[PDB]
file start.cif (mmCIF, C-alpha atoms)
data_run
#
loop_
_atom_site.label_atom_id
_atom_site.label_comp_id
_atom_site.auth_asym_id
_atom_site.auth_seq_id
_atom_site.Cartn_x
_atom_site.Cartn_y
_atom_site.Cartn_z
CA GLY E 1 10.01 13.80 -15.85
CA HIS E 2 6.41 12.65 -15.60
CA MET E 3 4.55 12.89 -18.95
CA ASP E 4 6.56 15.95 -19.85
CA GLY E 5 8.83 15.67 -22.80
CA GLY E 6 6.53 16.80 -25.48
CA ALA E 7 4.44 19.88 -25.13
CA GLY E 8 1.94 19.04 -27.81
CA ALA E 9 -1.66 18.48 -26.78
CA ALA E 10 -0.50 19.12 -23.25
CA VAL E 11 0.65 22.74 -23.77
CA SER E 12 -2.95 23.96 -23.99
CA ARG E 13 -3.36 23.70 -20.22
CA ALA E 14 -0.54 26.08 -19.73
CA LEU E 15 -0.99 28.19 -22.85
CA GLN E 16 -4.73 28.97 -22.93
CA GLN E 17 -4.17 30.30 -19.48
CA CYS E 18 -1.13 32.12 -20.58
CA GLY E 19 -3.07 34.75 -22.43
CA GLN E 20 -6.11 33.47 -24.28
CA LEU E 21 -8.32 33.24 -21.20
CA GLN E 22 -6.76 36.16 -19.25
CA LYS E 23 -9.38 36.03 -16.63
CA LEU E 24 -7.55 34.01 -14.14
CA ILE E 25 -4.48 36.16 -13.94
CA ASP E 26 -5.84 39.55 -14.91
CA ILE E 27 -9.26 39.58 -13.44
CA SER E 28 -7.98 38.09 -10.21
CA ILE E 29 -5.09 40.56 -10.20
CA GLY E 30 -7.40 43.45 -11.05
CA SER E 31 -8.83 43.13 -7.61
CA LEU E 32 -5.40 43.56 -5.98
CA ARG E 33 -4.41 46.01 -8.70
CA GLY E 34 -7.11 48.19 -7.28
CA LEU E 35 -6.18 47.35 -3.66
CA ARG E 36 -2.48 48.31 -4.17
CA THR E 37 -3.64 51.89 -4.79
CA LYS E 38 -7.15 52.05 -3.34
CA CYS E 39 -7.15 50.45 0.07
CA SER E 40 -10.39 51.98 1.29
CA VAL E 41 -12.89 49.19 0.78
CA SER E 42 -16.15 48.77 2.63
CA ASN E 43 -16.28 45.08 1.75
CA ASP E 44 -14.27 43.01 4.24
CA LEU E 45 -15.06 39.72 2.66
CA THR E 46 -13.55 41.00 -0.55
CA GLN E 47 -10.33 41.78 1.29
CA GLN E 48 -10.36 38.07 1.97
CA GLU E 49 -11.38 37.27 -1.62
CA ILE E 50 -8.46 39.38 -2.82
CA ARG E 51 -6.23 37.59 -0.30
CA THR E 52 -7.25 34.39 -2.03
CA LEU E 53 -6.89 35.89 -5.52
CA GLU E 54 -3.30 36.85 -4.77
CA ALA E 55 -2.33 33.36 -3.61
CA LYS E 56 -4.41 31.87 -6.43
CA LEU E 57 -2.66 34.01 -9.05
CA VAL E 58 0.67 32.37 -8.21
CA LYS E 59 -0.93 29.13 -9.46
CA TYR E 60 -1.49 30.81 -12.75
CA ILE E 61 1.75 32.53 -13.25
CA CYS E 62 4.04 29.91 -11.77
CA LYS E 63 2.03 27.04 -13.23
CA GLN E 64 4.54 26.78 -16.00
CA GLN E 65 7.19 25.55 -13.61
CA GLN E 66 4.65 23.44 -11.69
CA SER E 67 2.50 22.12 -14.47
CA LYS E 68 5.69 21.88 -16.56
CA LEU E 69 5.22 18.25 -15.61
CA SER E 70 2.83 18.02 -18.50
CA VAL E 71 4.35 20.76 -20.64
CA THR E 72 8.02 20.41 -21.11
CA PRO E 73 10.01 23.35 -19.58
CA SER E 74 12.31 22.92 -22.54
CA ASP E 75 9.41 23.43 -24.90
CA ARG E 76 6.56 25.46 -23.50
CA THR E 77 7.01 28.60 -25.64
CA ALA E 78 9.18 31.68 -25.48
CA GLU E 79 6.20 33.32 -23.82
CA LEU E 80 5.76 30.48 -21.31
CA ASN E 81 9.54 30.69 -20.62
CA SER E 82 8.98 34.37 -19.92
CA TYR E 83 6.67 33.48 -17.10
CA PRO E 84 6.12 34.14 -14.43
CA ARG E 85 6.46 37.69 -15.45
CA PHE E 86 8.26 39.68 -12.82
CA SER E 87 5.82 42.53 -13.37
CA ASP E 88 2.88 40.15 -12.97
CA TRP E 89 4.61 38.32 -10.15
CA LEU E 90 5.95 40.88 -7.76
CA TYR E 91 2.62 42.56 -7.90
CA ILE E 92 1.02 39.51 -6.30
CA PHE E 93 2.90 39.87 -2.99
CA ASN E 94 4.33 43.36 -3.52
CA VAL E 95 8.04 42.85 -3.93
CA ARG E 96 8.56 46.57 -4.13
CA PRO E 97 8.11 47.39 -7.86
CA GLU E 98 9.93 50.58 -6.82
CA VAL E 99 12.98 48.36 -6.35
CA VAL E 100 12.50 46.22 -9.41
CA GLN E 101 12.60 49.34 -11.55
CA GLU E 102 16.21 49.72 -10.41
CA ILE E 103 17.05 46.27 -11.76
CA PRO E 104 18.80 46.14 -15.19
CA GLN E 105 16.41 44.94 -17.91
CA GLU E 106 18.51 41.83 -18.58
CA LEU E 107 17.91 40.75 -15.04
CA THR E 108 14.40 39.85 -14.38
CA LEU E 109 12.53 37.19 -12.37
CA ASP E 110 13.92 34.91 -15.03
CA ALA E 111 17.31 35.40 -13.38
CA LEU E 112 15.98 35.93 -9.89
CA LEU E 113 14.57 32.39 -9.77
CA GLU E 114 17.86 31.34 -11.18
CA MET E 115 19.88 32.92 -8.35
CA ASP E 116 20.55 31.74 -4.86
CA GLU E 117 18.29 32.94 -2.12
CA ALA E 118 21.24 34.38 -0.20
CA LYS E 119 22.45 36.00 -3.38
CA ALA E 120 19.07 37.35 -4.21
CA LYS E 121 18.76 38.90 -0.84
CA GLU E 122 21.90 40.86 -1.42
CA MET E 123 20.77 41.80 -4.97
CA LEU E 124 17.46 43.12 -3.81
CA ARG E 125 19.14 44.98 -0.98
CA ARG E 126 21.27 46.76 -3.65
CA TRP E 127 18.17 47.94 -5.45
CA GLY E 128 16.42 49.65 -2.64
CA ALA E 129 15.11 46.77 -0.62
CA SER E 130 15.98 47.99 2.76
CA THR E 131 17.40 45.02 4.69
CA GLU E 132 14.22 43.90 6.50
CA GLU E 133 12.20 44.68 3.45
CA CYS E 134 14.33 42.24 1.53
CA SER E 135 13.74 39.55 4.18
CA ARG E 136 9.96 40.12 3.88
CA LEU E 137 10.34 39.65 0.14
CA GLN E 138 12.64 36.63 0.27
CA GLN E 139 10.01 34.69 2.19
CA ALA E 140 7.53 35.41 -0.61
CA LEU E 141 10.04 34.91 -3.47
CA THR E 142 10.72 31.46 -2.06
CA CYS E 143 7.06 30.58 -2.84
CA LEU E 144 8.13 30.44 -6.49
CA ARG E 145 10.65 27.70 -5.88
CA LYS E 146 8.14 26.01 -3.62
CA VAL E 147 5.20 25.98 -6.04
CA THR E 148 5.98 22.35 -6.72
CA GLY E 149 7.18 20.94 -10.01
#
call {"tool": "encode", "arguments": {"input": "start.cif", "output": "structure tokens"}}
result
Amino acid sequence: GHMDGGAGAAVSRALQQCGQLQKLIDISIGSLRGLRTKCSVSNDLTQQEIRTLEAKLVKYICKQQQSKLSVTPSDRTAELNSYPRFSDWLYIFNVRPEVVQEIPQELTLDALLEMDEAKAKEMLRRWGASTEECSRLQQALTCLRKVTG
């Protein structure tokens, strides 16, 4: 409710970065994409760069619920309403993609951000998140609803 209401010339700041640029999300995530599989790196400072890239990526994927203050959440686009993509979201903190593959296709982050934290904990725990694993996740999933907006 602060300049949002019409995603016209304001949508560009959420939409160019939705796909057109694809450097911010992909290139930053490529670094962790490598790290998720290849953890033998001789470059310590890059482990820290990657650490930044991960946290930074949340600002790119969840910007559409944060920067929705300029781009109406009721407008954005179907694509912008599909963000943050669970696949491109859980990969940032590792929310066990092993577990997310057990989730029914109708239920996605779309519905996860929609559910209660207590409820989500029990959902995740029913998909393979093994109790403490879920708690580790919950603390990171909460970042979504704490990304401002």
call {"tool": "closest_residue", "arguments": {"input": "start.cif", "among": "E:144, E:7, E:95, E:1", "to": "residue 75 in chain E", "atoms": "all atoms listed in the file"}}
result
E:7
call {"tool": "atom_distance", "arguments": {"input": "start.cif", "atom1": "CA of residue 57 in chain E", "atom2": "CA of residue 126 in chain E"}}
result
27.6 Å
call {"tool": "closest_residue", "arguments": {"input": "start.cif", "among": "E:138, E:74, E:17, E:31", "to": "residue 119 in chain E", "atoms": "all atoms listed in the file"}}
result
E:138
call {"tool": "resolve_selection", "arguments": {"input": "start.cif", "expression": "the PyMOL selection byres ((chain E and resi 35-40) around 12)", "output": "number ranges by chain"}}
result
E: 28-34, 41-44, 46-51, 53-54, 90-97
call {"tool": "write_last_selection", "arguments": {"input": "start.cif", "atoms": "C-alpha atoms", "output": "compact mmCIF listing (two decimals), in the coordinates of the input"}}
result
# COMPACT_ATOMS: atom_id res chain seq x y z
CA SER E 28 -7.98 38.09 -10.21
CA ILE E 29 -5.09 40.56 -10.20
CA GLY E 30 -7.40 43.45 -11.05
CA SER E 31 -8.83 43.13 -7.61
CA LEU E 32 -5.40 43.56 -5.98
CA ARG E 33 -4.41 46.01 -8.70
CA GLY E 34 -7.11 48.19 -7.28
CA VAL E 41 -12.89 49.19 0.78
CA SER E 42 -16.15 48.77 2.63
CA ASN E 43 -16.28 45.08 1.75
CA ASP E 44 -14.27 43.01 4.24
CA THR E 46 -13.55 41.00 -0.55
CA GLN E 47 -10.33 41.78 1.29
CA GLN E 48 -10.36 38.07 1.97
CA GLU E 49 -11.38 37.27 -1.62
CA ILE E 50 -8.46 39.38 -2.82
CA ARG E 51 -6.23 37.59 -0.30
CA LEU E 53 -6.89 35.89 -5.52
CA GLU E 54 -3.30 36.85 -4.77
CA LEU E 90 5.95 40.88 -7.76
CA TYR E 91 2.62 42.56 -7.90
CA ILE E 92 1.02 39.51 -6.30
CA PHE E 93 2.90 39.87 -2.99
CA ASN E 94 4.33 43.36 -3.52
CA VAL E 95 8.04 42.85 -3.93
CA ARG E 96 8.56 46.57 -4.13
CA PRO E 97 8.11 47.39 -7.86
call {"tool": "closest_residue", "arguments": {"input": "start.cif", "among": "E:141, E:111, E:61, E:100", "to": "residue 15 in chain E", "atoms": "all atoms listed in the file"}}
result
E:61
call {"tool": "atom_distance", "arguments": {"input": "start.cif", "atom1": "CA of residue 101 in chain E", "atom2": "CA of residue 52 in chain E"}}
result
26.6 Å
call {"tool": "atom_distance", "arguments": {"input": "start.cif", "atom1": "CA of residue 108 in chain E", "atom2": "CA of residue 56 in chain E"}}
result
21.9 Å
call {"tool": "residues_around", "arguments": {"input": "start.cif", "residues": "residue 98 in chain E", "least_positions_apart": "4", "cutoff": "9 Å", "atoms": "all atoms listed in the file", "output": "list in words"}}
result
residues 102, 127, 128 and 129 of chain E
call {"tool": "resolve_selection", "arguments": {"input": "start.cif", "expression": "the PyMOL selection byres ((chain E and resi 8) around 10)", "output": "PyMOL selection string"}}
result
chain E and resi 4-7+9-12+70-72+75-76
